[PDB]
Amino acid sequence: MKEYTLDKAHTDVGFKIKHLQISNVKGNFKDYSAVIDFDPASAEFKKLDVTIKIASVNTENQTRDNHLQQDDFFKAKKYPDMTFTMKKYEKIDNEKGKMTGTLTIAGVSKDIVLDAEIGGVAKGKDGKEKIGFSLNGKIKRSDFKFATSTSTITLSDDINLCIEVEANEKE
C-alpha cells in the first residue's frame, strides 16, 4: 500500500437530495374587453360582461405563456377567449356585494360568485364619474374540466380570481 493526503482544493465531499417547493403562479391578461353598468345612487351593479383574450396571458414567463395556449391548457386555437357574464348582484352594503355570473373557460360554463368590494366612487377632475372596485373569488379547475391531464398535486385545483378595476363614465 501507500498513503495519500487529500488535495482539499480539488476534492469535493458532496451530496444531492431532491425536495419540493410550493409557489404561487401570479398572472393577468394584457388584452380584454368589458361592459360596466353601475348605479352610484344605490351602489349596485346592473350589468358586468367581460371578455378576455387567452392569447394575452402574462405570467412573467414567455415559455409558460405559450404552453398555456396548448391543448393541455386553454386550447386558444379552438377557444380564443374566456367570458364572464353577470347574472345577479346582491348588495351587502355600499362597500360590499355578492356577484353571481357565468364564467366560460374553453367552452365550458359554470356559474361563479365573486366578492365585490367597492374601493371608491367619485366625481372626477372634469365632473364626470369614476369608480374603483375589486372582484375576488376562488374557482375550481375541476369544475371547468380545465387542464384535466395535470394532477391536482402538481397544480392546485383552486384558482384565485383577483380582478382590480379603475373605470370612468362614457360618451
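All residue numbers are counted from 1 along the displayed sequence.
- For the two regions 97-105 and 70-78, the entry's Cα B-factors average higher over 70-78.
- For the two regions 121-129 and 50-58, the entry's Cα B-factors average higher over 121-129.
- Comparing the listed residues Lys138, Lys110, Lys30, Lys145, the entry records the largest Cα B-factor for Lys30.
- Sorting the modelled residues of the chain by their CA temperature factor places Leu161 in the lowest third.
- Among all modelled residues in this chain, the alpha-carbon of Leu20 has a temperature factor (C-alpha) in the middle third.
- Placement of the Cα temperature factor of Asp65 within the chain: highest third of the modelled residues, per the deposited record.
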